[PDB]
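J.: Questions regarding the structure given below will be posed in turn.
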Amino acid sequence: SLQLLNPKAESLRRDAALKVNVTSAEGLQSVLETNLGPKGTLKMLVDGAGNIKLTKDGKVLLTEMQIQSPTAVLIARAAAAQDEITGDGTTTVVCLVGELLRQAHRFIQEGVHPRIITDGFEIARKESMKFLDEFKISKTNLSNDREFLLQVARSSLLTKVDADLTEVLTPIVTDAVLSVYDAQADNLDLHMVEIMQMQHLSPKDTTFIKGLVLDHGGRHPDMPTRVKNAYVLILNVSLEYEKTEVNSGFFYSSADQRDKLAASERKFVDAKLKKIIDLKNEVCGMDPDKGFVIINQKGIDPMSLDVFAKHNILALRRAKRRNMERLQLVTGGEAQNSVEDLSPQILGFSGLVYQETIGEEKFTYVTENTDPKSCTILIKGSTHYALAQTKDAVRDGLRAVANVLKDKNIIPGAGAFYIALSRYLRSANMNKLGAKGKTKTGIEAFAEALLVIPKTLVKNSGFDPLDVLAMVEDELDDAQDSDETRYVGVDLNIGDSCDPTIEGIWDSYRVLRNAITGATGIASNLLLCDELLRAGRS
Amino acid sequence: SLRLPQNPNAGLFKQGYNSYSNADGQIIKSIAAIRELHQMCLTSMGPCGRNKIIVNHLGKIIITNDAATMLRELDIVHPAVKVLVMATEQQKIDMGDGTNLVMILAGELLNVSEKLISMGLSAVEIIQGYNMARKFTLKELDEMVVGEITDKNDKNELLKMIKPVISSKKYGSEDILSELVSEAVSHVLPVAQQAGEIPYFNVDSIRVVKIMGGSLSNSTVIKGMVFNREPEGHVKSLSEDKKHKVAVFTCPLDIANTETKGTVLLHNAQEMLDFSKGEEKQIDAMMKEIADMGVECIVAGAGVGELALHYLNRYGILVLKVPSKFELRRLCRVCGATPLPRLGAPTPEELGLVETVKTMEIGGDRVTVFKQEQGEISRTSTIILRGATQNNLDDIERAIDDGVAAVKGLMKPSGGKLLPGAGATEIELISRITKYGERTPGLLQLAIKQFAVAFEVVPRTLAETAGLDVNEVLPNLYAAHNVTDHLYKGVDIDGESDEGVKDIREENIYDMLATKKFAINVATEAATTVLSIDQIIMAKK
Amino acid sequence: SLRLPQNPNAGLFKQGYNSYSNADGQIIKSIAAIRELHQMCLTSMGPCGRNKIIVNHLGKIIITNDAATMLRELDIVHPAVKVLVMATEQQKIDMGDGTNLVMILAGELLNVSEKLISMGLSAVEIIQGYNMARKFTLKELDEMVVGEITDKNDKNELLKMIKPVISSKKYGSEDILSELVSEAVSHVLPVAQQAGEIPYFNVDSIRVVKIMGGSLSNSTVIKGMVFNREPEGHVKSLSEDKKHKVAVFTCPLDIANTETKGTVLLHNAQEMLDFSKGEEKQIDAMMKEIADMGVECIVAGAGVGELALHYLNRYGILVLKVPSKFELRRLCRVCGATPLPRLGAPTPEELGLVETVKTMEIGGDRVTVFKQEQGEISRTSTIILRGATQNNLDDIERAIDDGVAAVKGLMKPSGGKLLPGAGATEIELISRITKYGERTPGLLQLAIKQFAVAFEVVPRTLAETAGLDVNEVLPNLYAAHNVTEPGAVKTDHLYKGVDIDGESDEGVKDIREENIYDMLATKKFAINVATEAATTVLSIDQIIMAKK
Ligand SMILES: Nc1ncnc2c1ncn2[C@@H]1O[C@H](COP(=O)(O)OP(=O)(O)O)[C@@H](O)[C@H]1O
Ligand SMILES: Nc1ncnc2c1ncn2[C@@H]1O[C@H](COP(=O)(O)OP(=O)(O)O)[C@@H](O)[C@H]1O
Ligand SMILES: Nc1ncnc2c1ncn2[C@@H]1O[C@H](COP(=O)(O)OP(=O)(O)O)[C@@H](O)[C@H]1O
Ligand SMILES: [Mg+2]
Ligand SMILES: [Mg+2]
Ligand SMILES: [Mg+2]
């Protein structure tokens with residue numbers, strides 16, 4: 001009856017739209033299921049311009065590839081929102097949504113209405129949140145031990161690159177936080193670390209730096225590249241005027257005023273430079289090994305470069321907006337706009353300042369600080385995709401170690417949490433039902449759908465997932481009667497079980513909590529949608 | 001049964017996206033695709049290598065045997081080739097030497113993996129096979145170095161470094177091209193008894209100015225720079241002025257005006273009579289102080305007005321435009337002066353010294369000669385090339401750029417040392433990797449044995465491009481290492497190659513140690529990426 | 001998001017195949033598709049019904065109000081409409097009567113079914129509601145029958161049967177069209193009363209000849225068949241009377257030819273001289289035996305050679321050409337003759353009797369008159385139909401065939417079994433089924449009560465096409481049926497019916513004086529076909545079409 005409204009309108013009703021939600025989610029999952037786990041496949045994204053991007057994360061894959069199917073758009077927007085807050089769980093949510101639909105689609109063909117199926121999802125999900133509190137283990141972060149942070153940070157890097165580059169990047173992402181902490185305020189920000197993209201050495205030769213690194217080099221040759229003692233002066237004002245707000249001009253009567261009107265513009269430039277030179281010599285005069293460095297966010301007049309060249313002052317222009325807040329935390333200084341108010345108290349301090357020339361550009365390095373409140377990570381690569389592949393591995397590793405400090409509770413990984421929910425959701429007894437036979441149908445579909453995560457890990461390793469999970473259920477049966485609590489994981493090497501706590505594999509709290517809740521809502525709305533309609537004016 | 005189901009995934013993604021995944025293709029298929037471009041580089045390898053003509057869509061023809069230059073101008077749709085193309089780009093940017101070795105070695109590592117995958121060896125264990133074999137390769141390169149040299153100063157010491165690099169490119173010239181680079185390096189290096197702390201060296205100290213016509217043997221080395229411009233106002237004084245102070249001004253010579261647009265405002269006619277002589281005496285005051293300091297040459301990057309050129313012509317002061325800013329700092333290093341944006345008056349400490357300046361035509365076009373004899377130059381020089389064709393001189397400039405790149409790679413680290421060439425090092429690495437596989441049992445032995453097989457392409461390419469049989473000379477080369485004199489065995493290119501043994505120390509053909517270490521790390525990582533990509537995703541157009 | 005999945009796995013069938021199911025309102029669209037052609041036949045119902053013009057692809061125009069004839073030339077698309085189209089064609093073939101009733105009744109059963117489906121009644125329960133109500137409907141028709149035709153032929157009784165049937169088809173004048181058809185029926189009846197023989201009748205016996213020009217009042221009835229023919233040799237009025245002896249030959253008149261390689265063989269000039277005079281003596285010897293028997297007319301079934309027509313003009317024997325078959329077959333039924341293939345002397349017992357053969361100008365061309373007289377009666381009489389337009393001549397021919405088909409209804413059953421006309425038949429069934437719906441417990445009473453509502457279309461259509469308000473006239477008619485039956489017998493209220501124009505306000509008193517009645521044998525099959533036509537549409541849950 002839709003064509004009577006518009007001739008060009010099309011629709012698919014009841015099972016016609018139901019087969020779409022099951023097929024489109026299964027087709028999208030089949031592509032992204034091969035990326036789950038450390039043995040997962042590596043995708044190469046090639047656009048029309050010729051750019052190559054190697055990443056195993058679903059956030060970049062779904063962003064570069066436009067999805068024509070409307071059903072998979074909900075999964076893409078759900079996996080995108082999962083990467084925003086938790087920085088992880090893109091592939092996990094995609095594998096859960098497609099599995100919740102296929103497991104529930106089998107009951108629909110048996111005559112089960114989708115309404116009671118959505119009931120079994122919400123009742124079983126609330127029981128999983130209660131089990132999540134008992135299954136998680138609280139940790140003490142007051143000791144700031146390295147061994148605990150190395151294993152948690154390595155688990156995220158094993159899903160990106162091989163073990164050779166992982167062991168190099170594991171202490172880097174562990175050092176990515178370090179001196180950035182607060183006991184009382186609880187505020188933790190990962191935007192203070194800087195991601196530098198440059199081709200130097202090899203991707204495995206990268207190292208961590210304890211101080212800020214900038215991409216701007218020395219503009220004048222006489223500016224010393226290496227400075228032992230430098231006072232960073234933050235200047236947000238532009239020394240070179242781009243334009244005057246009120247339109248004005250210079251009208252000279254005689255040619256003698258031409259050089260005078262040109263010197264009139266020389267007074268405003270020298271007025272800002274007069275207080276800067278007096279600030280350097282204010283501390284101590286004729287003092288070797290003590291330099292003075294200025295980092296400016298706006299442009300610097302090339303004419304004024306010779307003014308600082310005689311005093312051996314390093315100047316940097318066109319700094320990033322996020323760089324100003326980082327100068328206060330690293331160098332310990334204070335952000336200043338104009339030069340009207342200066343003092344040695346607002347000046348920063350750095351123990352080592354040097355610059356290196358890589359290619360046709362020069363980079364500024366700052367390190368050796370007393371109590372730096374921020375740091376950086378230098379990402380080097382041998383090619384174009386090496387910078388994008390390592391960056392996606394670090395950014396996904398940053399959010400992993402942050403949730404450890406945000407939430408002291410740590411949940412073991414390696415599919416140990418998904419298998420534990422299987423036996424718990426089989427029989428709910430009289431606790432939560434709400435109906436006779438109506439709710440138990442949706443709970444059974446949600447319980448068996450949580451086993452896709454451990455089975456997908458085994459399929460990427462080339463083993464039999466049914467034989468691996470068979471020995472898992474045999475160990476959990478004897479562990480209940482032996483009065484011993486054991487966490488059984490999945491080992492992809494020998495095709496046997498393991499202990500995530502001993503093997504060093506853990507998962508974040510916010511990643512698993514938002515994945516179960518996020519995948520439940522997407523799969524529920526697709527089961528509750530019986531018609532797919534398209535209408536509009538071209 | 002007439003039409004196919006079209007698959008359900010056809011509606012997923014778009015029709016422009018193409019997929020190549022495991023068991024879906026690739027898997028030694030795509031490896032067979034790069035063999036077309038791999039054979040292109042095999043014919044260009046060695047002193048007998050063949051140059052390749054490439055015509056870009058713009059119409060410019062670049063004839064060179066360098067793999068990094070050829071793959072840059074070629075538009076390649078196949079994505080996995082760009083992994084090898086970008087691998088050769090790193091070799092040219094950083095080290096600048098070994099671009100042909102990276103493309104050939106990385107291409108053979110994918111060819112020897114054809115047998116490994118055919119035997120059922122997964123790509124996961126293949127990556128671990130090359131990584132452990134690459135670490136053992138870099139550790140064995142230090143014990144094979146007999147060419148350790150602490151000098152890096154005398155000209156004869158560069159015959160074992162710069163000359164072997166020039167032997168490959170433009171093999172028709174050996175002592176002619178080597179003398180041009182060796183003399184240019186001797187000029188840019190400062191004269192001192194002992195220079196430590198790794199004195200700074202850059203590729204901008206040696207330059208190449210190509211002039212059409214003339215034989216290559218007629219070329220010479222000039223300590224200054226040669227630019228093509230038009231002098232104005234007078235003929236040079238030759239040596240009558242001897243050393244003359246040269247002032248380099250960044251801003252043009254003219255009465256200083258504000259950045260905003262001004263105009264003349266005349267209220268009465270009394271200022272009109274003084275307006276003509278006002279601009280004359282205003283700029284003359286700044287030009288008079290320059291002649292009092294003895295400055296015979298003024299260089300202003302921007303355009304100089306006629307009012308400023310009028311005064312400088314009678315005092316005999318040279319004016320040179322130098323429009324480009326990059327070449328402006330190069331003339332400053334010849335005289336050793338400081339670029340001054342202000343006009344003011346020249347200060348004695350900021351002025352340089354140039355012995356003589358002359359204007360002559362090397363190829364029929366007038367150029368200005370900055371050559372300075374007996375003077376002090378710092379990190380500046382040039383090489384004037386003479387050739388009949390423009391395309392032949394293009395690769396010669398790249399051969400000089402590759403010759404000075406070896407000096408940069410030699411000077412910056414502790415040292416580049418030396419390695420035996422002409423297939424001597426590649427054969428010695430075969431016996432090291434082969435014996436390394438038998439020391440540690442396991443499944444990685446298949447990847448270690450095939451890793452040494454890929455080293456056989458370099459020594460046979462010299463024999464293949466020489467018109468020799470690789471089933472005779474090459475097998476007889478392994479028997480020569482049976483056992484110092486067994487490390488100096490190498491490949492011979494000559495009509496006398498029938499014996500297949502020529503001493504390397506006779507011609508002194510050596511390769512840098514730091515170049516081979518950087519070439520293997522890039523070639524191994526490039527071949528590792530192709531085997532580590534399970535699925536390929538394409539796009540429309 | 002930009003483009004739909006466009007029904008995945010639709011490649012199982014060709015792109016031209018479409019699937020339509022009872023769900024998604026397609027069963028409602030199918031009922032709505034009936035109303036497009038239903039209103040076309042509503043304005044054509046009754047004596048005031050309006051004829052329709054339908055132009056085919058060849059340009060032929062057929063103007064008729066008959067639902068069975070109109071649906072023939074129309075190109076039907078919707079599949080369930082063809083169920084209604086082919087249902088009206090069967091009613092015209094079988095009983096030759098009540099064609100517009102099947103079209104309207106089957107369409108109203110689907111209209112009342114739209115409310116039944118909306119209330120949730122399954123297709124199975126709706127079918128069972130109409131089947132149980134139809135069995136009760138057929139039983140009440142036999143209880144409400146009044147009067148009978150009794151004797152086969154009567155001058156007055158044939159005005160109570162053919163006249164009300166032809167009143168709806170080209171109404172015009174009443175007694176003019178009724179006398180023309182009633183006269184031709186009395187001639188084809190064998191009569192022979194008190195003999196106990198089984199009566200017999202043929203619907204193809206009466207033939208209607210369309211002749212343009214003149215007026216309807218100038219039409220007459222001819223006992224013999226009328227053809228357009230030109231006599232070859234001469235025209236003869238045959239005023240010498242004493243009737244005639246006529247013979248019919250289905251084979252042509254000519255020298256018998258060998259079916260294989262007929263060829264003239266002449267060996268010598270002696271056989272050539274006698275070959276020309278030999279063929280002349282053959283026809284002379286064969287035609288002499290026919291002339292000696294007193295045969296003044298010969299009917300030929302094919303082309304006759306010129307040599308045979310020569311000797312026929314010598315003895316003054318007429319020549320008739322009867323092409324094809326059926327035209328010659330009905331000629332012998334008039335004169336009572338038996339055709340024989342040979343050219344020899346016919347048997348005197350097989351010769352026919354025709355008193356006069358006349359040729360006169362009627363519509364501008366020469367027609368031959370086979371008309372019979374009082375004695376030596378003939379069968380398969382023809383009716384000369386005069387009219388100004390040929391379009392009126394086509395439907396009146398079908399209007400006469402409707403009266404001829406009504407005569408067939410007087411043979412197979414025990415009698416005529418007249419029913420009250422003017423829509424009084426379907427109105428009385430409304431009150432009877434309403435009482436029947438209450439006597440049946442359960443949920444099946446919904447389809448039974450609505451089955452009687454579909455009978456309200458007959459009084460509403462006759463009132464709407466008559467220019468009267470259906471809101472004022474229809475409820476006033478139930479006042480006669482709302483008083484049920486009194487404490488005394490002899491109730492004449494069953495004769496109330498719908499009136500056309502005039503004074504309105506019900507009217508026409510009791511229809512017994514109007515003499516318009518209906519046939520019981522027609523209403524039996526009219527309800528059965530119309531019910532199965534609507535049942536078939538409601539019994540189809542899914543409809544599949546090809547190429548469109
Ligand atoms: N080495 C491993 N062994 C077993 N399971 C692992 C291993 N590494 C990761 N996993 C499991 O894979 C899941 C997803 O991890 P990861 O790939 O980092 O996130 P995503 O799938 O969102 O990219 C985690 O829940 C974890 O339990
Ligand atoms: N005259 C010669 N005789 C024998 N071998 C030579 C001669 N000239 C060059 N070769 C060999 O040819 C090889 C060419 O290698 P080349 O492509 O220059 O290496 P790279 O790519 O590092 O520059 C050198 O290793 C050198 O040993
Ligand atoms: N003059 C009249 N007054 C009242 N009713 C009439 C009159 N003429 C015809 N009718 C009724 O109209 C009905 C029309 O029947 P119709 O459907 O036309 O039969 P058919 O389709 O066989 O011609 C008849 O049943 C008859 O009872
Ligand atoms: Mg992850
Ligand atoms: Mg070389
Ligand atoms: Mg009728």
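In the structure tokens, chains take letters A, B, ... by order of appearance, with residues numbered from 1 within each chain and ligands from 1 in the order shown.
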Residues contacting ligand 1 - anything with an atom at most 7 Å away, using only C-alpha atoms and all ligand atoms - can you give me those as a short mmCIF file (atom, residue, chain, number, x, y, z; two decimals) with C-alpha atoms, in the first residue's frame?

T.:
data_model
loop_
_atom_site.label_atom_id
_atom_site.label_comp_id
_atom_site.auth_asym_id
_atom_site.auth_seq_id
_atom_site.Cartn_x
_atom_site.Cartn_y
_atom_site.Cartn_z
CA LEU A 36 39.84 -10.56 16.26
CA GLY A 37 42.83 -11.75 18.27
CA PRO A 38 46.62 -11.52 18.01
CA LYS A 56 43.41 -4.41 12.41
CA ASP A 57 41.00 -2.05 14.19
CA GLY A 58 37.41 -1.80 13.00
CA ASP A 88 38.69 -0.16 22.28
CA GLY A 89 36.05 -2.74 21.46
CA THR A 90 35.25 -1.93 17.82
CA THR A 91 35.67 -5.49 16.54
CA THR A 92 34.10 -6.99 19.68
CA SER A 155 47.80 -7.45 25.80
CA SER A 156 46.51 -4.56 23.69
CA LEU A 158 49.60 -8.11 20.71
CA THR A 159 46.38 -7.48 18.76
CA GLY A 413 40.81 -11.40 29.26
CA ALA A 414 41.34 -14.26 26.80
CA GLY A 415 37.61 -14.93 26.61
CA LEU A 457 39.80 -16.38 18.47
CA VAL A 490 41.97 -19.64 25.77
CA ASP A 491 45.52 -20.22 24.52
CA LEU A 492 46.00 -19.87 20.76
CA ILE A 505 46.04 -11.15 29.59
CA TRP A 506 43.40 -8.77 30.95
CA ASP A 507 40.56 -6.64 29.60
#

J.: Counting only C-alpha atoms and all ligand atoms, which protein, DNA or RNA residues come within 10 Å of ligand 6, given as a CSV table (one decimal) with C-alpha atoms, in the first residue's frame?

T.:
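And here is the file that came out, part-v5.csv:
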chain,number,residue,atom,x,y,z
C,45,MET,CA,-28.8,-3.3,-14.7
C,46,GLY,CA,-32.5,-3.4,-15.2
C,47,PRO,CA,-34.8,-2.0,-17.9
C,66,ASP,CA,-25.0,-7.4,-21.1
C,96,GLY,CA,-28.8,-17.9,-21.4
C,97,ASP,CA,-30.4,-15.7,-18.7
C,98,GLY,CA,-29.4,-13.8,-15.6
C,99,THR,CA,-26.0,-12.6,-16.8
C,100,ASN,CA,-26.0,-9.2,-15.1
C,101,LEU,CA,-27.1,-10.8,-11.8
C,162,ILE,CA,-40.1,-13.9,-23.0
C,163,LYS,CA,-41.5,-10.3,-22.4
C,164,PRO,CA,-40.0,-9.7,-18.9
C,165,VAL,CA,-36.6,-11.1,-20.2
C,166,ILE,CA,-36.4,-8.8,-23.2
C,167,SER,CA,-37.6,-5.9,-21.2
C,168,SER,CA,-34.1,-5.3,-19.8
C,169,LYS,CA,-32.4,-5.7,-23.1
C,399,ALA,CA,-31.9,-9.9,-26.9
C,402,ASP,CA,-32.1,-14.3,-24.5
C,403,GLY,CA,-35.8,-15.0,-25.2
C,406,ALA,CA,-35.8,-18.7,-21.9
C,518,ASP,CA,-38.5,-14.3,-13.1
C,519,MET,CA,-37.3,-17.8,-13.9
C,522,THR,CA,-32.1,-19.0,-13.8

J.: Using the chain letters and numbers from this document, which residues of region 33-92 of chain A does DSSP assign to alpha helix (DSSP H), as a ChimeraX atom specification?

T.: /A:58-64,70-85,90-92

J.: Quote the spacing between CA of residue 307 (chain A) and CA of residue 274 (chain A) in Å to one decimal place.

T.: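 Distance reported for this atom pair: 10.2 Å.
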
J.: Residues within 8 Å of residue 430 (chain C), please, as a PyMOL selection string. Count only C-alpha atoms; anything in the same chain fewer than 4 positions from it doesn't count.

T.: chain C and resi 426+434+452-453+455-456

J.: Could you write out, as a PDB file with C-alpha atoms, in the first residue's frame, all the residues of region 368-402 of chain C that DSSP marks as strand (DSSP E)?

T.:
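Below you can see out04.pdb, which holds the result:
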ATOM      1  CA  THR C 368     -34.773 -15.383 -51.205  1.00  0.00           C
ATOM      2  CA  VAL C 369     -37.949 -16.215 -49.270  1.00  0.00           C
ATOM      3  CA  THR C 382     -36.139 -16.753 -38.882  1.00  0.00           C
ATOM      4  CA  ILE C 383     -37.025 -13.253 -37.677  1.00  0.00           C
ATOM      5  CA  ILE C 384     -36.417 -10.287 -39.978  1.00  0.00           C
ATOM      6  CA  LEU C 385     -34.987  -7.438 -37.890  1.00  0.00           C
ATOM      7  CA  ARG C 386     -35.160  -3.925 -39.345  1.00  0.00           C
ATOM      8  CA  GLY C 387     -33.243  -1.026 -37.835  1.00  0.00           C
TER       9      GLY C 387
END

J.: Residues at most 6 Å from ligand 2, using only C-alpha atoms and all ligand atoms? Could they come as a PyMOL selection string?

T.: chain B and resi 45-47+97-101+165+167-168+421-422+492-493+509

J.: Smallest atom-to-atom distance to ligand 3: which of C:179, C:24, C:401, C:157, using only C-alpha atoms and all ligand atoms?

T.: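 Ranked by minimum distance to ligand 3, first place goes to C:401.
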
J.: Compile the residues of chain B that lie within 7 Å of chain A, evaluated using only C-alpha atoms, and express the compilation as a PyMOL selection string.

T.: chain B and resi 9+11-14+86-87+90+255-258+260-266+271+275+278-279+282+341+532-541

J.: Take the residues just selected and output them with C-alpha atoms as a PDB file, in the first residue's frame.

T.:
ATOM      1  CA  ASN B   9      27.541  -9.520   0.269  1.00  0.00           C
ATOM      2  CA  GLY B  11      24.890  -5.203  -1.411  1.00  0.00           C
ATOM      3  CA  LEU B  12      27.452  -4.808   1.372  1.00  0.00           C
ATOM      4  CA  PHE B  13      30.166  -2.158   0.890  1.00  0.00           C
ATOM      5  CA  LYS B  14      30.094  -1.010  -2.772  1.00  0.00           C
ATOM      6  CA  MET B  86      58.212   3.468  -0.571  1.00  0.00           C
ATOM      7  CA  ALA B  87      60.936   1.088   0.632  1.00  0.00           C
ATOM      8  CA  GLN B  90      63.622   5.612   2.301  1.00  0.00           C
ATOM      9  CA  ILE B 255      63.985  53.764  -0.065  1.00  0.00           C
ATOM     10  CA  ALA B 256      62.340  51.955   2.838  1.00  0.00           C
ATOM     11  CA  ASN B 257      58.544  51.879   2.577  1.00  0.00           C
ATOM     12  CA  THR B 258      55.866  50.610   4.938  1.00  0.00           C
ATOM     13  CA  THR B 260      50.807  49.109   3.926  1.00  0.00           C
ATOM     14  CA  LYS B 261      50.161  50.853   0.618  1.00  0.00           C
ATOM     15  CA  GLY B 262      51.287  54.482   0.696  1.00  0.00           C
ATOM     16  CA  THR B 263      51.047  57.380  -1.725  1.00  0.00           C
ATOM     17  CA  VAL B 264      52.517  60.849  -2.161  1.00  0.00           C
ATOM     18  CA  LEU B 265      50.523  63.708  -0.611  1.00  0.00           C
ATOM     19  CA  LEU B 266      51.530  67.185  -1.821  1.00  0.00           C
ATOM     20  CA  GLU B 271      57.252  70.334  -2.095  1.00  0.00           C
ATOM     21  CA  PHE B 275      60.235  65.812  -4.619  1.00  0.00           C
ATOM     22  CA  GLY B 278      64.311  64.305  -2.495  1.00  0.00           C
ATOM     23  CA  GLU B 279      64.222  60.671  -3.601  1.00  0.00           C
ATOM     24  CA  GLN B 282      67.557  59.960   0.231  1.00  0.00           C
ATOM     25  CA  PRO B 341      68.000  42.420   5.705  1.00  0.00           C
ATOM     26  CA  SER B 532      51.752 -10.182   6.544  1.00  0.00           C
ATOM     27  CA  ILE B 533      48.808  -8.735   4.575  1.00  0.00           C
ATOM     28  CA  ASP B 534      46.100 -11.398   4.521  1.00  0.00           C
ATOM     29  CA  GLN B 535      43.320  -9.413   2.810  1.00  0.00           C
ATOM     30  CA  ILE B 536      43.470  -6.606   0.238  1.00  0.00           C
ATOM     31  CA  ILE B 537      40.777  -3.916   0.040  1.00  0.00           C
ATOM     32  CA  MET B 538      40.563  -1.849  -3.147  1.00  0.00           C
ATOM     33  CA  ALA B 539      38.389   1.091  -4.183  1.00  0.00           C
ATOM     34  CA  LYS B 540      36.760   2.420  -7.333  1.00  0.00           C
ATOM     35  CA  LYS B 541      39.270   4.215  -9.583  1.00  0.00           C
TER      36      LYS B 541
END

J.: Give me, as a ChimeraX atom specification, the residues of chain C touching chain B, with the criterion being at most 7 Å (counting only C-alpha atoms).

T.: /C:5,8,11

J.: Since we have the selection now, will you write its residues out, keeping N, CA, C and O atoms, as a short mmCIF file (atom, residue, chain, number, x, y, z; two decimals), in the first residue's frame?

T.:
data_model
loop_
_atom_site.label_atom_id
_atom_site.label_comp_id
_atom_site.auth_asym_id
_atom_site.auth_seq_id
_atom_site.Cartn_x
_atom_site.Cartn_y
_atom_site.Cartn_z
N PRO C 5 18.72 -2.63 0.20
CA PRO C 5 19.14 -3.99 -0.18
C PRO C 5 18.32 -4.57 -1.32
O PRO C 5 18.72 -5.62 -1.85
N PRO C 8 16.90 -8.94 -0.96
CA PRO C 8 17.91 -9.97 -1.26
C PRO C 8 17.27 -11.32 -1.54
O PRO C 8 16.11 -11.57 -1.20
N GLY C 11 16.63 -13.13 -6.78
CA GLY C 11 17.02 -13.77 -8.02
C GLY C 11 16.56 -15.20 -8.18
O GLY C 11 16.88 -15.84 -9.19
#

J.: Which residues, written as a count of residues only, have at least one atom at most 6 Å from residue 365 (chain A), with only C-alpha atoms counted and residues fewer than 4 positions away on the same chain left out?

T.: 4
